[PDB]
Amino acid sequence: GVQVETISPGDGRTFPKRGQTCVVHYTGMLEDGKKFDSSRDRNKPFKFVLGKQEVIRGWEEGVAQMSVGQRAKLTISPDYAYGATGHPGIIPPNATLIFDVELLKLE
């Protein structure tokens, strides 16, 4: 599944609803592995609509329990991420992923 561990607390009040646009900064890495992406390096926040299956399952269920301002470590098992196929050319089969995610605001 996805384990959410808090790095910095959010407001504890404003949680995303399905259909809202979530605005975040993230860094992704393979568990005990290489870092493969970071929006911080580009300083362009990443945006996605919650509930529409635009992103992997671990983000759908992990960010839905975060409040605005929260920063958290999400550890996501292969079946909540790219599973047995991986993501062509970047993520191998059966990879556990770790993301540092900061929920900046909702739109």
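From 1 onward, residues are counted along the sequence shown.
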*Read off the CA B-factors in the entry, average them over 55 to 63 and over 42 to 50, and name the higher stretch.*
42 to 50
*Which is higher in the entry, the mean Cα B factor of 92 to 100 or that of 11 to 19?*
11 to 19
*Whose C-alpha has the highest temperature factor in the PDB entry: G28, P78, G33, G69?*
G33
*So where's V2 on the chain's Cα temperature factor ranking, which third?*
middle
